[PDB]
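Working notes for the structure below.
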Amino acid sequence: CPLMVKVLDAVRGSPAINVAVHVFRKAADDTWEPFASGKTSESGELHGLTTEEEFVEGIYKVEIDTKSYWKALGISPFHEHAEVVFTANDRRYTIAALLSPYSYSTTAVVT
Amino acid sequence: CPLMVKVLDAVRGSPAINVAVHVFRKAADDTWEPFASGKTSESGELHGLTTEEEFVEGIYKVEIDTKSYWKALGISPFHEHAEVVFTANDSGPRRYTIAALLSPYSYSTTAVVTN
Amino acid sequence: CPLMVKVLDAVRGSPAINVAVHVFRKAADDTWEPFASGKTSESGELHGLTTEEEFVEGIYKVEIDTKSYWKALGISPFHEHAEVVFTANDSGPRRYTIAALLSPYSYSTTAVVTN
Amino acid sequence: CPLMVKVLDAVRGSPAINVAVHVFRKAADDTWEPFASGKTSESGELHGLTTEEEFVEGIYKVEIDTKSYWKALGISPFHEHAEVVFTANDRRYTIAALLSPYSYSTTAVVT
Ligand SMILES: O=C(O)c1ccccc1Nc1cc(Cl)c(O)c(Cl)c1
Ligand SMILES: O=C(O)c1ccccc1Nc1cc(Cl)c(O)c(Cl)c1
């Protein structure tokens, strides 16, 4: 598991559960090609997106579907989605995000 | 000025100066059309991106060029950009300030929206 | 104004208005002596806490009364306060802006320090 | 384990390892009484601070020794320490912090 995504909720003080996450890899013609996707678990985590063989160097985008998350909770949000764009460089990447209705924090833990 | 961007540096404790910012707007055909661009001043602020007339309803993407910022400082950072995507003006005109606080492997972003 | 505090609300996307702020300075005997206090304006800013003369070197604690803020809004939050503790003016006078971005169970804080 | 502390480093993209953490509980005369302490592990986490029997309702302060962390890395920091003050209310509390030299983010995950 070279890539993990973890999402937290700063309003409820909880994991952000059942958040849709879409990963894309940038193609040679600069378009974004679907790569992997899933929904966060009860712990706010999404494991199993990819494998070491399939996760080659390149630019990736992780699109967290925050708008739908907030609406399912009855809350009015600002962003369409949170976006995390980075280069994978030859390590286990954890992309974390801490969500509020009008704000988000994101970090990477690369170990 | 209905759209302002402010960027801060969490390593130095300072405005993030000379940060390039590109704004896009989603077109009818669902592509990201160029909308405006500029770079932050010595206060970390970027004013003058657009006008009340040109800033219509739509889905906007504010792309803050954080990798280019850190690289100009001699630092290899994690993210390519910070990308702030939001629907604007769908209840009438509003004024938006998009703020970001930058570190090499992390950022925060918020919005202040006023009527 | 060598010390300014700015507070934003990450739920509403707005300044955090009417936030009480208490500043303390560590005394010789290691207790926290009162130094200044005030509350944020309609822009989320608090100016006028102290003067160049009174703002000497020392260890300062800026206590932002976030629980009192959220409770006044009818919300039960996690933290009692946000507490920003730092050495000031130890290389000569500087100007400090302490900023905070508030959510019910979380906050961020940064400093902008200028000469 | 009713209380866990996790600390991350936003400069290096890593857990913040060997950070000293001191917990205090507010006493009846409003002083802060030492309660528990430890150092974060290789994962940035500090487990085993207290037990359910010893962690009663009250106001607690978690003081993360960020200044010494940054100095051991050769970096010049702003804060003396990060402070997280909260009421425990009768759940497993995780206090997380994301550190930069001039800034920190903190959240609670209460599950
Ligand atoms: O908004 C300002 O004018 C500002 C001025 C100084 C420092 C920060 C500022 N904003 C800000 C933005 C984020 Cl994203 C954040 O996390 C925190 Cl704590 C603050
Ligand atoms: O909580 C975790 O396990 C975690 C794991 C890896 C990276 C970050 C983590 N949490 C976290 C905490 C804060 Cl204060 C924050 O702002 C952001 Cl974005 C994330």
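Letters for chains follow the order of the structure tokens (A, B, ...), residue numbers begin at 1 for each chain, and ligand numbers begin at 1 in the order shown.
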Within 6 Å of ligand 2 (counting only C-alpha atoms and all ligand atoms), which residues show up? I'd like them as a PDB file with N, CA and C atoms, in the first residue's frame.
```
ATOM      1  N   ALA A  96      -3.315  13.296   4.053  1.00  0.00           N
ATOM      2  CA  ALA A  96      -4.328  13.543   5.053  1.00  0.00           C
ATOM      3  C   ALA A  96      -4.994  14.869   4.796  1.00  0.00           C
ATOM      4  N   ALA A  97      -6.251  14.958   5.142  1.00  0.00           N
ATOM      5  CA  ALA A  97      -7.015  16.205   5.022  1.00  0.00           C
ATOM      6  C   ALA A  97      -7.939  16.360   6.227  1.00  0.00           C
ATOM      7  N   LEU A  98      -8.019  17.614   6.718  1.00  0.00           N
ATOM      8  CA  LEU A  98      -8.842  18.009   7.842  1.00  0.00           C
ATOM      9  C   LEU A  98      -9.844  19.029   7.364  1.00  0.00           C
ATOM     10  N   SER A 105      -7.312  21.813   5.682  1.00  0.00           N
ATOM     11  CA  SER A 105      -5.887  21.614   5.861  1.00  0.00           C
ATOM     12  C   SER A 105      -5.492  20.282   5.172  1.00  0.00           C
ATOM     13  N   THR A 106      -4.311  20.187   4.549  1.00  0.00           N
ATOM     14  CA  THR A 106      -3.831  18.927   4.031  1.00  0.00           C
ATOM     15  C   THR A 106      -2.349  18.816   4.239  1.00  0.00           C
ATOM     16  N   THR A 107      -1.889  17.588   4.480  1.00  0.00           N
ATOM     17  CA  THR A 107      -0.464  17.316   4.647  1.00  0.00           C
ATOM     18  C   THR A 107      -0.150  15.980   4.031  1.00  0.00           C
ATOM     19  N   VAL A 109       2.450  12.616   4.725  1.00  0.00           N
ATOM     20  CA  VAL A 109       3.395  11.872   5.568  1.00  0.00           C
ATOM     21  C   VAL A 109       3.995  10.847   4.652  1.00  0.00           C
TER      22      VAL A 109
ATOM     23  N   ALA D  96      -4.447  15.636  17.854  1.00  0.00           N
ATOM     24  CA  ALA D  96      -3.450  15.649  16.808  1.00  0.00           C
ATOM     25  C   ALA D  96      -2.950  17.053  16.589  1.00  0.00           C
ATOM     26  N   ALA D  97      -1.706  17.168  16.207  1.00  0.00           N
ATOM     27  CA  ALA D  97      -1.097  18.463  15.883  1.00  0.00           C
ATOM     28  C   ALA D  97      -0.174  18.311  14.678  1.00  0.00           C
ATOM     29  N   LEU D  98      -0.233  19.325  13.791  1.00  0.00           N
ATOM     30  CA  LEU D  98       0.561  19.412  12.583  1.00  0.00           C
ATOM     31  C   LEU D  98       1.425  20.645  12.668  1.00  0.00           C
ATOM     32  N   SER D 105      -1.452  23.513  13.363  1.00  0.00           N
ATOM     33  CA  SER D 105      -2.840  23.098  13.292  1.00  0.00           C
ATOM     34  C   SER D 105      -3.089  22.039  14.398  1.00  0.00           C
ATOM     35  N   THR D 106      -4.263  22.022  15.040  1.00  0.00           N
ATOM     36  CA  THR D 106      -4.601  20.963  15.962  1.00  0.00           C
ATOM     37  C   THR D 106      -6.055  20.614  15.835  1.00  0.00           C
ATOM     38  N   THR D 107      -6.361  19.331  16.033  1.00  0.00           N
ATOM     39  CA  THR D 107      -7.740  18.852  15.997  1.00  0.00           C
ATOM     40  C   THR D 107      -7.907  17.776  17.034  1.00  0.00           C
TER      41      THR D 107
END
```
Taking only C-alpha atoms into account, what are the residues of chain C at most 10 Å from chain D, put as a short mmCIF file (atom, residue, chain, number, x, y, z; two decimals) with N, CA and C atoms, in the first residue's frame?
```cif
data_model
loop_
_atom_site.label_atom_id
_atom_site.label_comp_id
_atom_site.auth_asym_id
_atom_site.auth_seq_id
_atom_site.Cartn_x
_atom_site.Cartn_y
_atom_site.Cartn_z
N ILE C 59 8.32 36.46 27.35
CA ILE C 59 7.52 35.35 26.88
C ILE C 59 6.06 35.75 27.08
N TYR C 60 5.29 35.76 26.00
CA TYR C 60 3.91 36.19 25.95
C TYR C 60 2.99 35.04 25.62
N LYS C 61 1.82 35.05 26.23
CA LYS C 61 0.76 34.09 25.96
C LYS C 61 -0.46 34.83 25.49
N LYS C 67 -13.91 29.05 23.18
CA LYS C 67 -15.12 28.41 23.70
C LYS C 67 -16.21 29.45 23.92
N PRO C 77 -18.21 23.66 21.70
CA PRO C 77 -16.97 23.31 21.02
C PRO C 77 -16.04 22.46 21.89
N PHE C 78 -14.95 21.99 21.31
CA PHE C 78 -14.01 21.13 22.03
C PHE C 78 -13.06 21.88 22.96
N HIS C 79 -12.35 22.87 22.43
CA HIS C 79 -11.27 23.52 23.17
C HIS C 79 -11.84 24.56 24.11
N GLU C 80 -11.10 24.81 25.19
CA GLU C 80 -11.42 25.93 26.05
C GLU C 80 -10.99 27.25 25.42
N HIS C 81 -9.79 27.25 24.88
CA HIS C 81 -9.14 28.41 24.29
C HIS C 81 -8.25 27.93 23.18
N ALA C 82 -7.66 28.89 22.46
CA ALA C 82 -6.44 28.66 21.72
C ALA C 82 -5.38 29.47 22.44
N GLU C 83 -4.20 28.91 22.64
CA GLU C 83 -3.16 29.55 23.44
C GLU C 83 -1.85 29.63 22.75
N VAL C 84 -1.45 30.82 22.36
CA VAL C 84 -0.29 31.06 21.48
C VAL C 84 0.83 31.63 22.36
N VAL C 85 1.91 30.89 22.55
CA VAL C 85 2.95 31.26 23.50
C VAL C 85 4.25 31.40 22.75
N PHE C 86 4.91 32.53 22.91
CA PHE C 86 6.09 32.87 22.11
C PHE C 86 6.96 33.90 22.81
N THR C 87 8.25 33.86 22.55
CA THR C 87 9.17 34.90 22.94
C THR C 87 9.07 36.07 21.94
N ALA C 88 8.93 37.28 22.44
CA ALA C 88 8.86 38.46 21.59
C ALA C 88 9.98 39.40 21.88
N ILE C 98 -0.77 37.70 15.17
CA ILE C 98 -1.15 36.33 15.56
C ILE C 98 -2.49 36.07 14.91
N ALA C 99 -2.58 35.08 14.05
CA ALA C 99 -3.80 34.76 13.34
C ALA C 99 -4.27 33.38 13.78
N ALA C 100 -5.58 33.20 13.80
CA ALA C 100 -6.20 31.90 14.11
C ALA C 100 -7.39 31.70 13.24
N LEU C 101 -7.59 30.43 12.83
CA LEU C 101 -8.70 29.98 12.00
C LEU C 101 -9.44 28.89 12.75
N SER C 103 -12.51 26.24 14.00
CA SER C 103 -13.62 25.29 13.81
C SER C 103 -14.02 24.75 15.16
N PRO C 104 -15.20 24.08 15.28
CA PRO C 104 -15.61 23.65 16.61
C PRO C 104 -14.64 22.67 17.31
N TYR C 105 -14.00 21.78 16.56
CA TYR C 105 -13.10 20.79 17.12
C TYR C 105 -11.64 20.96 16.68
N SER C 106 -11.27 22.13 16.15
CA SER C 106 -9.96 22.30 15.57
C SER C 106 -9.64 23.78 15.39
N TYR C 107 -8.36 24.10 15.40
CA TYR C 107 -7.94 25.42 14.98
C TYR C 107 -6.54 25.35 14.37
N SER C 108 -6.25 26.34 13.53
CA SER C 108 -4.91 26.60 13.12
C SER C 108 -4.52 27.97 13.59
N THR C 109 -3.23 28.15 13.78
CA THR C 109 -2.68 29.44 14.16
C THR C 109 -1.35 29.65 13.52
N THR C 110 -1.05 30.89 13.13
CA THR C 110 0.22 31.26 12.58
C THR C 110 0.59 32.63 13.08
N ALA C 111 1.83 33.00 12.80
CA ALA C 111 2.35 34.31 13.11
C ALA C 111 2.97 34.92 11.88
N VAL C 112 2.77 36.22 11.73
CA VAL C 112 3.50 37.05 10.76
C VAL C 112 4.30 38.06 11.56
N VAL C 113 5.60 38.01 11.41
CA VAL C 113 6.51 38.82 12.18
C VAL C 113 7.28 39.70 11.20
#
```
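Minimum atom-to-atom distance to chain C, evaluated using only C-alpha atoms, belongs to B:12 out of B:94, B:47, B:12, B:22.
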Give me the residues within 12 Å of residue 72 (chain B) as number ranges by chain, counting only C-alpha atoms and dropping any in the same chain fewer than 4 places off.
-> B: 16-20, 65-68, 76-77
Would you list, as a PyMOL selection string, the residues of chain D that end up in alpha helix (DSSP H) under DSSP run on this structure's backbone?
-> chain D and resi 66-72
From CA of residue 8 (chain D) to CA of residue 70 (chain D) the spacing works out at 12.2 Å
From the set C:95, C:89, C:58, C:52, which residue has the shortest atom-to-atom contact distance to ligand 1, counting only C-alpha atoms and all ligand atoms?
-> C:95
Near residue 91 (chain D), within 7 Å and counting only C-alpha atoms, which residues show up once chain neighbours fewer than 2 positions away are dropped, as a JSON list (two decimals) with N, CA, C and O atoms, in the first residue's frame?
```json
[["chain", "number", "residue", "atom", "x", "y", "z"],
["D", 2, "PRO", "N", -7.70, 6.05, 26.79],
["D", 2, "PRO", "CA", -8.66, 7.11, 26.54],
["D", 2, "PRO", "C", -8.05, 8.32, 25.90],
["D", 2, "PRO", "O", -8.80, 9.15, 25.39],
["D", 93, "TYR", "N", -10.18, 9.93, 23.06],
["D", 93, "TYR", "CA", -9.72, 11.22, 22.53],
["D", 93, "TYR", "C", -8.37, 11.04, 21.86],
["D", 93, "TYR", "O", -7.42, 10.61, 22.49],
["D", 110, "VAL", "N", -12.72, 12.31, 18.49],
["D", 110, "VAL", "CA", -13.36, 11.79, 19.69],
["D", 110, "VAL", "C", -14.27, 10.72, 19.17],
["D", 110, "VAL", "O", -15.22, 11.00, 18.47],
["D", 111, "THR", "N", -13.94, 9.45, 19.49],
["D", 111, "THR", "CA", -14.72, 8.29, 18.95],
["D", 111, "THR", "C", -15.09, 7.31, 20.04],
["D", 111, "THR", "O", -14.56, 7.34, 21.14]]
```
B:23, B:49, B:4, B:102 ranked by distance to chain C, top pick (using only C-alpha atoms) = B:102
Would you give me, as a ChimeraX atom specification, the residues in region 6-113 of chain C that DSSP reads as strand (DSSP E or B)?
-> /C:6-9,14-15,20-26,32-39,45-46,58-64,79-88,90,92,95-103,106-113
